[PDB]
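Engineer: The structure that follows is given in the form of structure tokens.
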Amino acid sequence: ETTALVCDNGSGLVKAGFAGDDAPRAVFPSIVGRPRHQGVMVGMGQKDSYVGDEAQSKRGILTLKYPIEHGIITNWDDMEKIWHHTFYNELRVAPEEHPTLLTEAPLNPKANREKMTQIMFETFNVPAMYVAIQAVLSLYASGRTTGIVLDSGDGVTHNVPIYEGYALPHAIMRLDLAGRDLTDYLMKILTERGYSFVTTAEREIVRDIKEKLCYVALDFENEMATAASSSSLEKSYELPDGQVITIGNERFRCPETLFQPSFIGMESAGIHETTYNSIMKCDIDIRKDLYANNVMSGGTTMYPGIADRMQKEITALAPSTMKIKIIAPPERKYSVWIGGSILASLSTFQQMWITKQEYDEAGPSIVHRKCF
Amino acid sequence: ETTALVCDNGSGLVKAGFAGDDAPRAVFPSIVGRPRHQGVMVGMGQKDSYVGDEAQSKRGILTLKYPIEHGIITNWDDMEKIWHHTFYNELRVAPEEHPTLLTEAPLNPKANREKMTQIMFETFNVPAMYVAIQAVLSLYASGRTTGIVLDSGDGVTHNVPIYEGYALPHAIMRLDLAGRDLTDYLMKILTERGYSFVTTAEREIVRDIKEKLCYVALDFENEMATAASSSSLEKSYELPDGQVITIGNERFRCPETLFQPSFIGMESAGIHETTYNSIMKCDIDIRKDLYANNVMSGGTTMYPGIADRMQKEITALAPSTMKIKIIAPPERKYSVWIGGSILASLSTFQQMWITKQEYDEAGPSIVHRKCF
Amino acid sequence: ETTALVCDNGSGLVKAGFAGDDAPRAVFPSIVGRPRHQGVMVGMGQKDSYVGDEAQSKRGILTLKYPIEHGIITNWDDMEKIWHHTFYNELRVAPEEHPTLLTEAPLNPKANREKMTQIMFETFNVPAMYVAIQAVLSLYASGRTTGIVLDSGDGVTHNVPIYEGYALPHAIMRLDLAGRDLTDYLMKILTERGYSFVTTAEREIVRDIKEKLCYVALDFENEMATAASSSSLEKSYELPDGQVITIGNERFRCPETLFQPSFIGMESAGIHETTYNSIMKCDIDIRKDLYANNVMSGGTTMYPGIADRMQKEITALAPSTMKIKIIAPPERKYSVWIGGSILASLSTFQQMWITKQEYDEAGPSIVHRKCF
Ligand SMILES: Nc1ncnc2c1ncn2[C@@H]1O[C@H](COP(=O)(O)OP(=O)(O)O)[C@@H](O)[C@H]1O
Ligand SMILES: Nc1ncnc2c1ncn2[C@@H]1O[C@H](COP(=O)(O)OP(=O)(O)O)[C@@H](O)[C@H]1O
Ligand SMILES: Nc1ncnc2c1ncn2[C@@H]1O[C@H](COP(=O)(O)OP(=O)(O)O)[C@@H](O)[C@H]1O
Ligand code: BEF
Ligand code: BEF
Ligand code: BEF
Ligand SMILES: [Mg+2]
Ligand SMILES: [Mg+2]
Ligand SMILES: [Mg+2]
């Protein structure tokens with residue numbers, strides 16, 4: 001087959017499509033949903049498991065399980081359904097033709113990458129495949145060969161410093177604070193204004209609140225004082241069922257978890273200090289070009305004001321001698337997939353696939369030598 | 001001063017009394033009752049609206065309104081009647097003398113705590129007051145500095161991990177399943193044997209069936225098989241009017257809702273998995289002491305067999321390499337009030353009251369900085 | 001006078017006790033711990049900051065800060081707590097009466113030794129003190145007067161050639177590779193089996209995995225091939241909370257960092273080439289007697305098999321004409337402290353103390369002329 005698929009099966013929201021396109025062919029929630037009520041209508045297409053946009057649409061009668069937790073596949077029985085849906089339902093291409101570029105977060109369990117390779121060769125029969133790292137693909141989308149990626153998906157936030165083509169694996173920082181945990185924190189603080197959301201169906205409404213209204217404050221303490229001179233920062237959101245909810249300092253006190261992880265009680269650097277600590281693990285001659293080439297990526301980097309709050313805080317930690325030149329491109333909602341759509345299309349990369357003939361003499365253990 | 005009041009105004013049943021006593025001075029249903037019928041006997045001590053034990057006694061002619069719903073006050077014009085009845089009709093002390101310890105569930109709406117504080121300083125003029133969390137009070141009655149409190153009242157079930165006197169707010173759980181919804185579910189399943197209860201007056205009779213006859217099965221399917229070798233589990237309850245109702249397996253299929261919330265259709269973990277999911281959100285080194293000091297509280301944990309059913313299920317979820325122990329003292333029906341009666345008595349606590357002299361220069365917003 | 005203290009203020013784990021005793025009186029983690037959660041249990045011995053074994057025990061609610069980083073005191077406001085705790089809590093002796101032998105790594109910053117001297121004379125008022133080198137103390141514990149000391153603690157690894165009483169400061173080596181960076185790497189490889197240790201308390205669990213289960217392979221690639229006949233090398237450890245983790249090639253691939261620092265991405269010789277380079281920088285006639293008397297020291301030299309891997313590697317680098325006889329004594333967990341407990345006892349050492357009556361006519365600058 002001439003064309004590769006690239007299939008960023010990432011947490012919360014899969015991206016999939018052919019290499020050499022400039023955007024994903026399909027994007028849908030990485031959700032398998034199962035009925036939670038007594039079926040009664042005989043004579044109907046009643047179905048035992050919905051997946052993707054079917055599960056997102058019918059959700060008022062479903063329990064929703066994401067099969068991926070913090071970038072690790074935790075429910076293979078349902079992860080086969082998400083890949084099966086991805087290839088047979090709306091890409092609608094037989095995997096026996098197209099080789100496929102998958103993608104993984106850095107510092108994942110080796111057992112995940114093995115079992116992921118096995119399913120692709122033994123349930124889908126793809127002629128060849130590869131497992132690039134979510135950060136390394138982002139520099140191809142930016143057109144760079146040096147930078148520090150901050151990638152922050154639904155399930156994981158991570159940094160991978162890269163200089164003039166080489167990744168620095170001792171300086172990789174992985175943090176499990178991401179777009180999911182902000183959604184659970186928003187379900188928690190909305191309780192203190194009197195709105196209760198608790199079902200896995202209602203968590204999707206709280207995700208739509210988070211996406212439509214949140215922003216990152218340029219200076220959180222001054223913003224908290226500004227919300228006490230109240231009603232200038234408040235917004236209304238219109239729930240399904242048409243009840244409005246009004247939302248105030250909890251509009252920006254949600255994304256500030258990224259800069260102050262003690263709000264969700266976990267002990268870590270915020271995303272500003274984790275990027276700065278990663279730059280400070282790099283060899284001293286490269287740091288000037290890492291500060292000049294700091295690259296945002298992944299859906300959590302879409303909030304209004306996050307490029308400014310990030311630049312403000314790295315500029316406070318770094319010496320005033322030199323300039324942080326953060327790049328937040330407008331496509332960064334999909335830049336990992338766009339990166340894989342370049343990588344799978346390179347003429348030099350066609351040597352690097354794991355092929356069916358190279359797998360079956362080596363088993364799923366092959367993936368650790370030929371990949372990152 | 002000789003005394004302070006402590007006043008657990010919780011859902012379904014207020015507990016009230018002076019600090020330093022070893023049990024509540026007054027206990028009554030948190031009910032306001034309004035005549036639903038044509039008055040005819042002119043020249044009588046007739047009354048516009050009853051409350052507490054008056055309403056509970058005269059209930060056959062009253063629509064009964066509980067002014068607290070799921071731990072949130074939702075009828076302030078009648079909640080002032082419950083506090084007024086508490087302080088003037090059977091504690092019978094002028095509130096202007098005594099500072100008062102109120103009480104609240106965790107994750108309650110901030111608007112509740114504000115308006116509750118305002119009523120206390122502006123309608124009753126109390127010298128000082130405070131609003132402790134129902135879980136934090138529960139450990140003082142047990143004397144422990146560490147444990148996971150499970151508390152389950154009429155209106156709310158919640159868990160609060162506490163270690164070495166520090167609470168973990170990121171690991172708190174709240175579930176809107178409690179002694180009310182088990183009474184509403186018991187009304188429903190009794191329909192299937194032939195008994196119909198529908199009025200807010202009759203619901204108090206179903207609450208007596210629940211309190212007098214229910215228990216938690218140690219192994220639910222084995223107990224359901226035991227009800228097919230029938231008539232060994234049946235009990236007969238004598239209603240007001242003297243009609244007898246035999247109650248069969250619904251005697252234990254009611255309380256089992258706590259361990260399977262899908263019976264009342266709500267999507268959540270039961271109270272066993274909610275306890276274990278709270279412990280699994282705590283920092284790893286404390287979990288051994290939380291498994292050793294699981295503390296029960298609130299009237300819904302009074303059922304026969306619930307300490308054993310809980311110990312069995314937590315011992316199946318937790319790793320078998322360590323002992324799980326659950327402490328369920330015999331006075332746990334009042335341990336939240338007993339805890340407040342200790343907390344208000346401490347010589348080191350007398351700095352922490354919100355005093356009238358601090359409220360009238362900061363407004364009801366004061367309560368969020370001095371309380372939890 | 002019966003005593004002088006010897007107080008090896010080392011990184012990771014302070015050793016302290018009176019001179020002439022044969023092992024440290026007190027040994028505890030060099031840690032200050034600060035609460036990271038909301039305090040609720042009023043009426044308790046609730047302490048603003050814990051230190052040593054208190055902090056190590058209560059760690060599940062603390063952020064743990066080691067004040068000593070790579071052998072440098074980086075946080076004086078907390079290092080004074082560790083020395084105050086060391087002298088007043090379990091040595092429990094008035095510092096105003098006992099002279100104290102402190103200790104330092106070779107090639108430390110002068111500002112470290114100055115401020116360390118000032119605190120002892122101006123906060124604790126000690127009558128006299130001295131600052132020996134961690135390596136120069138180690139020869140007294142073995143009883144040598146010639147031998148290249150290799151010492152490897154929590155924070156620093158260094159070599160100090162000594163011959164017939166004289167040190168060779170042009171041939172001293174110091175490397176920021178030690179028991180800390182082995183632990184920080186063990187978290188980063190345990191991650192690839194799926195165990196997500198990340199908090200400053202969970203690093204203490206990973207340190208126990210390191211101390212309990214690690215060993216140094218005699219032939220690394222051959223041991224990595226032996227891991228393909230799997231489960232023969234695996235061991236399992238039971239965490240706090242009772243979960244069991246199995247650990248495999250990541251059991252010995254951790255300590256191999258000492259012999260291949262390129263694993264953690266720094267560029268240097270491994271500790272075998274650091275010894276052979278340090279001997280090869282000595283004057284040619286002493287080398288035969290240095291190879292014959294290589295002396296090991298400090299907790300990171302405790303691993304099973306490290307003496308054999310070292311003797312193998314020096315015997316490959318050094319000419320086959322002569323024997324290497326690496327003397328690793330069995331108490332080398334404490335040889336730096338034991339060496340000081342000899343040094344402070346000698347009748348010929350008592351002329352060399354820096355004394356309170358000499359410090360206040362020269363300032364902290366005295367310590368650069370009267371010590372090494
Ligand atoms: N406009 C937006 N603003 C902020 N967050 C967004 C926005 N659009 C989507 N998100 C969040 O992005 C997350 C998905 O990010 P994504 O990059 O697709 O994750 P992943 O890389 O792991 O596949 C979800 O939590 C979602 O709510
Ligand atoms: N002996 C009992 N056995 C079973 N249930 C009880 C018992 N006593 C009270 N309850 C139930 O517990 C609830 C009252 O619990 P309570 O602790 O007073 O609630 P709250 O903490 O919110 O004030 C009611 O639903 C009541 O029927
Ligand atoms: N038995 C052991 N096996 C392996 N590592 C050990 C052992 N005992 C101590 N360590 C490690 O050695 C370090 C402490 O060594 P120590 O000699 O006390 O350091 P220092 O000289 O700087 O004071 C810690 O990283 C600890 O985990
Ligand atoms: F899986 Be996404 F990268 F968090
Ligand atoms: F208000 Be009770 F605690 F349910
Ligand atoms: F401070 Be120890 F010597 F690393
Ligand atoms: Mg991603
Ligand atoms: Mg209660
Ligand atoms: Mg040392």
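Residues are named by chain letter and number: chains run A, B, ... in the order of the structure tokens, numbers start at 1 in each chain, and ligands are numbered from 1 in the order shown.
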Dump as a tab-separated table the rows for residues of chain A within 9 Å of chain B: closest atom pair and distance in Å with one decimal, only C-alpha atoms counted, ordered by chain and rising residue number.
Structural biologist:
residue	atom	partner	partner_atom	distance
A:36	CA	B:267	CA	8.0
A:37	CA	B:265	CA	7.7
A:63	CA	B:267	CA	7.5
A:188	CA	B:107	CA	7.8
A:189	CA	B:107	CA	8.2
A:190	CA	B:109	CA	8.7
A:191	CA	B:109	CA	6.1
A:192	CA	B:109	CA	4.1
A:193	CA	B:109	CA	5.3
A:194	CA	B:109	CA	4.8
A:195	CA	B:109	CA	8.2
A:198	CA	B:268	CA	8.0
A:199	CA	B:267	CA	5.8
A:200	CA	B:267	CA	7.9
A:263	CA	B:170	CA	7.9
A:264	CA	B:170	CA	5.6
A:265	CA	B:170	CA	5.4
A:266	CA	B:170	CA	8.4
Engineer: Apply DSSP to the backbone of this structure and, from range 225-288 of chain C, keep only the residues in alpha helix (DSSP H); write these as a PDB file with N, CA, C and O atoms, in the first residue's frame.
Structural biologist:
ATOM      1  N   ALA C 225      21.499 -10.812  29.444  1.00  0.00           N
ATOM      2  CA  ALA C 225      21.118 -12.006  28.698  1.00  0.00           C
ATOM      3  C   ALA C 225      20.489 -13.067  29.611  1.00  0.00           C
ATOM      4  O   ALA C 225      19.535 -13.733  29.223  1.00  0.00           O
ATOM      5  N   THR C 226      20.963 -13.202  30.849  1.00  0.00           N
ATOM      6  CA  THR C 226      20.407 -14.139  31.834  1.00  0.00           C
ATOM      7  C   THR C 226      18.975 -13.780  32.224  1.00  0.00           C
ATOM      8  O   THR C 226      18.167 -14.667  32.484  1.00  0.00           O
ATOM      9  N   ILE C 271      32.900   4.712  38.318  1.00  0.00           N
ATOM     10  CA  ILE C 271      33.753   4.729  39.510  1.00  0.00           C
ATOM     11  C   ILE C 271      35.010   3.854  39.393  1.00  0.00           C
ATOM     12  O   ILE C 271      36.008   4.164  40.035  1.00  0.00           O
ATOM     13  N   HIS C 272      35.034   2.838  38.527  1.00  0.00           N
ATOM     14  CA  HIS C 272      36.244   2.072  38.218  1.00  0.00           C
ATOM     15  C   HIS C 272      37.279   2.911  37.466  1.00  0.00           C
ATOM     16  O   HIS C 272      38.419   3.025  37.905  1.00  0.00           O
ATOM     17  N   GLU C 273      36.897   3.571  36.376  1.00  0.00           N
ATOM     18  CA  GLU C 273      37.788   4.492  35.672  1.00  0.00           C
ATOM     19  C   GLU C 273      38.125   5.737  36.490  1.00  0.00           C
ATOM     20  O   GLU C 273      39.222   6.254  36.342  1.00  0.00           O
ATOM     21  N   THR C 274      37.270   6.217  37.393  1.00  0.00           N
ATOM     22  CA  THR C 274      37.658   7.304  38.302  1.00  0.00           C
ATOM     23  C   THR C 274      38.777   6.868  39.240  1.00  0.00           C
ATOM     24  O   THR C 274      39.748   7.601  39.399  1.00  0.00           O
ATOM     25  N   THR C 275      38.731   5.659  39.797  1.00  0.00           N
ATOM     26  CA  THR C 275      39.859   5.117  40.563  1.00  0.00           C
ATOM     27  C   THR C 275      41.110   4.963  39.717  1.00  0.00           C
ATOM     28  O   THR C 275      42.150   5.497  40.083  1.00  0.00           O
ATOM     29  N   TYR C 276      41.049   4.284  38.575  1.00  0.00           N
ATOM     30  CA  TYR C 276      42.234   4.100  37.746  1.00  0.00           C
ATOM     31  C   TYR C 276      42.805   5.433  37.255  1.00  0.00           C
ATOM     32  O   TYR C 276      44.015   5.618  37.301  1.00  0.00           O
ATOM     33  N   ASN C 277      41.984   6.414  36.878  1.00  0.00           N
ATOM     34  CA  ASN C 277      42.479   7.746  36.552  1.00  0.00           C
ATOM     35  C   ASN C 277      43.090   8.436  37.767  1.00  0.00           C
ATOM     36  O   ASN C 277      44.139   9.053  37.639  1.00  0.00           O
ATOM     37  N   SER C 278      42.499   8.335  38.955  1.00  0.00           N
ATOM     38  CA  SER C 278      43.086   8.945  40.145  1.00  0.00           C
ATOM     39  C   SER C 278      44.443   8.335  40.492  1.00  0.00           C
ATOM     40  O   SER C 278      45.406   9.063  40.718  1.00  0.00           O
ATOM     41  N   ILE C 279      44.588   7.009  40.435  1.00  0.00           N
ATOM     42  CA  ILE C 279      45.889   6.362  40.629  1.00  0.00           C
ATOM     43  C   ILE C 279      46.857   6.790  39.527  1.00  0.00           C
ATOM     44  O   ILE C 279      47.988   7.158  39.818  1.00  0.00           O
ATOM     45  N   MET C 280      46.440   6.830  38.264  1.00  0.00           N
ATOM     46  CA  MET C 280      47.305   7.252  37.159  1.00  0.00           C
ATOM     47  C   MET C 280      47.685   8.737  37.180  1.00  0.00           C
ATOM     48  O   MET C 280      48.563   9.145  36.424  1.00  0.00           O
ATOM     49  N   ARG C 287      52.101   3.988  42.990  1.00  0.00           N
ATOM     50  CA  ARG C 287      50.960   3.305  42.369  1.00  0.00           C
ATOM     51  C   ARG C 287      50.843   1.848  42.795  1.00  0.00           C
ATOM     52  O   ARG C 287      49.737   1.407  43.073  1.00  0.00           O
ATOM     53  N   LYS C 288      51.947   1.110  42.943  1.00  0.00           N
ATOM     54  CA  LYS C 288      51.912  -0.299  43.383  1.00  0.00           C
ATOM     55  C   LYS C 288      51.254  -0.444  44.748  1.00  0.00           C
ATOM     56  O   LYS C 288      50.432  -1.329  44.948  1.00  0.00           O
TER      57      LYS C 288
END
Engineer: Mind dumping a table of every chain B residue within 7 Å of ligand 8, with the nearest atom pair and its distance in Å to one decimal, using only C-alpha atoms and all ligand atoms, sorted by chain and rising number, as JSON lines?
Structural biologist:
{"residue": "B:10", "atom": "CA", "partner": "ligand 8", "partner_atom_place_in_ligand_line": "1 (Mg)", "distance": 5.0}
{"residue": "B:11", "atom": "CA", "partner": "ligand 8", "partner_atom_place_in_ligand_line": "1 (Mg)", "distance": 6.5}
{"residue": "B:134", "atom": "CA", "partner": "ligand 8", "partner_atom_place_in_ligand_line": "1 (Mg)", "distance": 6.2}
{"residue": "B:151", "atom": "CA", "partner": "ligand 8", "partner_atom_place_in_ligand_line": "1 (Mg)", "distance": 6.8}
{"residue": "B:152", "atom": "CA", "partner": "ligand 8", "partner_atom_place_in_ligand_line": "1 (Mg)", "distance": 6.4}
{"residue": "B:153", "atom": "CA", "partner": "ligand 8", "partner_atom_place_in_ligand_line": "1 (Mg)", "distance": 4.2}
{"residue": "B:154", "atom": "CA", "partner": "ligand 8", "partner_atom_place_in_ligand_line": "1 (Mg)", "distance": 6.8}
{"residue": "B:298", "atom": "CA", "partner": "ligand 8", "partner_atom_place_in_ligand_line": "1 (Mg)", "distance": 5.6}
{"residue": "B:336", "atom": "CA", "partner": "ligand 8", "partner_atom_place_in_ligand_line": "1 (Mg)", "distance": 6.9}
Engineer: Hey, can you spit out that residue selection with C-alpha atoms as an mmCIF file, in the first residue's frame?
Structural biologist:
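The resulting file, selection.cif, is reproduced below:
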data_model
loop_
_atom_site.group_PDB
_atom_site.id
_atom_site.type_symbol
_atom_site.label_atom_id
_atom_site.label_comp_id
_atom_site.auth_asym_id
_atom_site.auth_seq_id
_atom_site.Cartn_x
_atom_site.Cartn_y
_atom_site.Cartn_z
ATOM 1 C CA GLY B 10 -28.303 17.551 60.205
ATOM 2 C CA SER B 11 -30.837 16.196 57.677
ATOM 3 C CA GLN B 134 -19.512 16.298 60.290
ATOM 4 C CA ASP B 151 -20.531 8.962 57.853
ATOM 5 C CA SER B 152 -24.035 8.248 56.548
ATOM 6 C CA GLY B 153 -26.915 10.340 57.837
ATOM 7 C CA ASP B 154 -30.451 10.787 56.552
ATOM 8 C CA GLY B 298 -24.522 8.413 61.477
ATOM 9 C CA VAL B 336 -21.239 13.730 65.366
#
Engineer: Please identify the residues whose atoms come within 6 Å of ligand 1, using only C-alpha atoms and all ligand atoms, and report them as a PyMOL selection string.
Structural biologist: chain A and resi 10-14+153-155+179-180+207+211+298-300+302-303+333
Engineer: Keeping only N, CA and C atoms, write those residues as a PDB file, in the first residue's frame.
Structural biologist:
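Below is the file that was written, result_13.pdb:
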ATOM      1  N   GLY A  10      -4.379   8.546  21.502  1.00  0.00           N
ATOM      2  CA  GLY A  10      -4.216   9.193  22.800  1.00  0.00           C
ATOM      3  C   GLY A  10      -5.471   9.236  23.679  1.00  0.00           C
ATOM      4  N   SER A  11      -5.266   9.508  24.965  1.00  0.00           N
ATOM      5  CA  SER A  11      -6.293   9.503  26.008  1.00  0.00           C
ATOM      6  C   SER A  11      -7.436  10.446  25.663  1.00  0.00           C
ATOM      7  N   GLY A  12      -8.653  10.142  26.093  1.00  0.00           N
ATOM      8  CA  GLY A  12      -9.761  11.096  26.012  1.00  0.00           C
ATOM      9  C   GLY A  12     -10.349  11.353  24.622  1.00  0.00           C
ATOM     10  N   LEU A  13      -9.564  11.366  23.543  1.00  0.00           N
ATOM     11  CA  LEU A  13      -9.988  11.845  22.227  1.00  0.00           C
ATOM     12  C   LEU A  13      -9.054  11.313  21.124  1.00  0.00           C
ATOM     13  N   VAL A  14      -9.353  10.203  20.437  1.00  0.00           N
ATOM     14  CA  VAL A  14      -8.440   9.687  19.396  1.00  0.00           C
ATOM     15  C   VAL A  14      -8.429  10.582  18.169  1.00  0.00           C
ATOM     16  N   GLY A 153      -2.008  16.531  27.221  1.00  0.00           N
ATOM     17  CA  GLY A 153      -3.197  15.932  26.634  1.00  0.00           C
ATOM     18  C   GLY A 153      -4.351  15.834  27.619  1.00  0.00           C
ATOM     19  N   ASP A 154      -5.256  14.889  27.400  1.00  0.00           N
ATOM     20  CA  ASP A 154      -6.270  14.547  28.388  1.00  0.00           C
ATOM     21  C   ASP A 154      -5.667  13.833  29.600  1.00  0.00           C
ATOM     22  N   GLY A 155      -4.718  12.923  29.397  1.00  0.00           N
ATOM     23  CA  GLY A 155      -4.253  11.998  30.421  1.00  0.00           C
ATOM     24  C   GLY A 155      -2.850  12.270  30.960  1.00  0.00           C
ATOM     25  N   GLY A 179      -5.739  17.175  31.212  1.00  0.00           N
ATOM     26  CA  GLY A 179      -7.105  17.626  30.945  1.00  0.00           C
ATOM     27  C   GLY A 179      -8.221  16.859  31.675  1.00  0.00           C
ATOM     28  N   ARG A 180      -8.033  15.587  32.023  1.00  0.00           N
ATOM     29  CA  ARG A 180      -8.980  14.798  32.817  1.00  0.00           C
ATOM     30  C   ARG A 180      -9.051  15.299  34.250  1.00  0.00           C
ATOM     31  N   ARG A 207     -16.830  18.768  31.120  1.00  0.00           N
ATOM     32  CA  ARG A 207     -15.815  18.966  30.089  1.00  0.00           C
ATOM     33  C   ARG A 207     -16.227  20.051  29.101  1.00  0.00           C
ATOM     34  N   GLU A 211     -14.107  23.481  28.411  1.00  0.00           N
ATOM     35  CA  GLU A 211     -13.660  23.889  27.084  1.00  0.00           C
ATOM     36  C   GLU A 211     -14.224  25.252  26.668  1.00  0.00           C
ATOM     37  N   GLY A 298      -0.933  19.822  22.496  1.00  0.00           N
ATOM     38  CA  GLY A 298      -1.971  19.013  23.119  1.00  0.00           C
ATOM     39  C   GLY A 298      -3.096  19.867  23.672  1.00  0.00           C
ATOM     40  N   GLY A 299      -4.305  19.326  23.711  1.00  0.00           N
ATOM     41  CA  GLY A 299      -5.519  20.089  23.954  1.00  0.00           C
ATOM     42  C   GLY A 299      -5.477  20.988  25.183  1.00  0.00           C
ATOM     43  N   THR A 300      -4.880  20.582  26.300  1.00  0.00           N
ATOM     44  CA  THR A 300      -4.833  21.433  27.494  1.00  0.00           C
ATOM     45  C   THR A 300      -4.074  22.736  27.252  1.00  0.00           C
ATOM     46  N   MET A 302      -4.707  24.755  24.856  1.00  0.00           N
ATOM     47  CA  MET A 302      -5.623  25.628  24.113  1.00  0.00           C
ATOM     48  C   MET A 302      -6.241  26.772  24.926  1.00  0.00           C
ATOM     49  N   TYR A 303      -6.144  26.792  26.257  1.00  0.00           N
ATOM     50  CA  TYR A 303      -6.808  27.829  27.052  1.00  0.00           C
ATOM     51  C   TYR A 303      -6.349  29.242  26.682  1.00  0.00           C
ATOM     52  N   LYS A 333      -4.033  21.963  19.062  1.00  0.00           N
ATOM     53  CA  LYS A 333      -5.063  20.968  19.383  1.00  0.00           C
ATOM     54  C   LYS A 333      -4.811  19.608  18.707  1.00  0.00           C
TER      55      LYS A 333
END
Engineer: Applying 10 Å and only C-alpha atoms, which residues near residue 67 in chain A remain after dropping the ones on its own chain fewer than 3 positions away? List them as a PyMOL selection string.
Structural biologist: chain A and resi 11-12+30-32+64+71-82
Engineer: Next, the residues of the selection above should be written as a CSV table (one decimal), in the first residue's frame with N, CA, C and O atoms.
Structural biologist:
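The new file out.csv reads:
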chain,number,residue,atom,x,y,z
A,11,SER,N,-5.3,9.5,25.0
A,11,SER,CA,-6.3,9.5,26.0
A,11,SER,C,-7.4,10.4,25.7
A,11,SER,O,-7.2,11.5,25.1
A,12,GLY,N,-8.7,10.1,26.1
A,12,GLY,CA,-9.8,11.1,26.0
A,12,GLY,C,-10.3,11.4,24.6
A,12,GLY,O,-11.6,11.5,24.5
A,30,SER,N,-12.4,9.0,23.1
A,30,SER,CA,-11.9,7.7,23.3
A,30,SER,C,-12.7,7.0,24.4
A,30,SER,O,-12.1,6.7,25.5
A,31,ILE,N,-13.9,6.7,24.2
A,31,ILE,CA,-14.9,6.3,25.1
A,31,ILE,C,-15.6,5.0,24.6
A,31,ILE,O,-16.1,5.0,23.5
A,32,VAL,N,-15.7,4.0,25.5
A,32,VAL,CA,-16.7,2.9,25.3
A,32,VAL,C,-17.8,3.0,26.3
A,32,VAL,O,-17.5,3.2,27.5
A,64,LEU,N,-20.0,5.4,31.0
A,64,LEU,CA,-18.9,5.6,30.1
A,64,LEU,C,-17.6,5.3,30.7
A,64,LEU,O,-17.2,5.9,31.7
A,71,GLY,N,-2.6,7.8,29.9
A,71,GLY,CA,-1.8,7.4,28.8
A,71,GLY,C,-1.4,5.9,28.7
A,71,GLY,O,-0.7,5.5,27.8
A,72,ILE,N,-1.9,5.1,29.7
A,72,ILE,CA,-1.7,3.7,29.7
A,72,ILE,C,-3.0,3.0,29.3
A,72,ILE,O,-4.1,3.4,29.8
A,73,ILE,N,-3.0,2.0,28.4
A,73,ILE,CA,-4.2,1.2,28.1
A,73,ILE,C,-4.5,0.3,29.3
A,73,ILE,O,-3.7,-0.6,29.6
A,74,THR,N,-5.7,0.4,29.9
A,74,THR,CA,-6.0,-0.3,31.1
A,74,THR,C,-7.2,-1.3,30.9
A,74,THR,O,-7.6,-2.0,31.8
A,75,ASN,N,-7.8,-1.4,29.7
A,75,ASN,CA,-9.0,-2.2,29.4
A,75,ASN,C,-8.9,-2.6,28.0
A,75,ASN,O,-9.7,-2.1,27.1
A,76,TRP,N,-8.1,-3.6,27.7
A,76,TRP,CA,-7.8,-4.1,26.3
A,76,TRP,C,-9.1,-4.6,25.6
A,76,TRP,O,-9.3,-4.4,24.4
A,77,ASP,N,-10.0,-5.2,26.4
A,77,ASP,CA,-11.3,-5.8,25.9
A,77,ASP,C,-12.1,-4.7,25.2
A,77,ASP,O,-12.8,-5.0,24.3
A,78,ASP,N,-11.9,-3.4,25.6
A,78,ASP,CA,-12.6,-2.2,25.0
A,78,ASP,C,-11.6,-1.5,24.1
A,78,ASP,O,-12.1,-0.8,23.1
A,79,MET,N,-10.3,-1.5,24.3
A,79,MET,CA,-9.4,-0.9,23.4
A,79,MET,C,-9.4,-1.5,22.0
A,79,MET,O,-9.3,-0.8,21.0
A,80,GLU,N,-9.6,-2.8,21.9
A,80,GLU,CA,-9.8,-3.4,20.6
A,80,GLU,C,-11.0,-2.8,19.9
A,80,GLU,O,-11.0,-2.6,18.7
A,81,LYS,N,-12.1,-2.5,20.6
A,81,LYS,CA,-13.3,-1.9,20.0
A,81,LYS,C,-13.0,-0.5,19.5
A,81,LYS,O,-13.4,-0.1,18.4
A,82,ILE,N,-12.2,0.3,20.2
A,82,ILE,CA,-11.8,1.7,19.7
A,82,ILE,C,-11.0,1.6,18.4
A,82,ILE,O,-11.3,2.3,17.5
Engineer: Using only C-alpha atoms, determine which residues lie at most 12 Å from residue 100 in chain A, disregarding the query and same-chain residues fewer than 6 positions distant; provide the list as a ChimeraX atom specification.
Structural biologist: /A:1-9,16-19,83,86-87,93-94,117,120-121,124-132,340-341,343-345,350,353-356
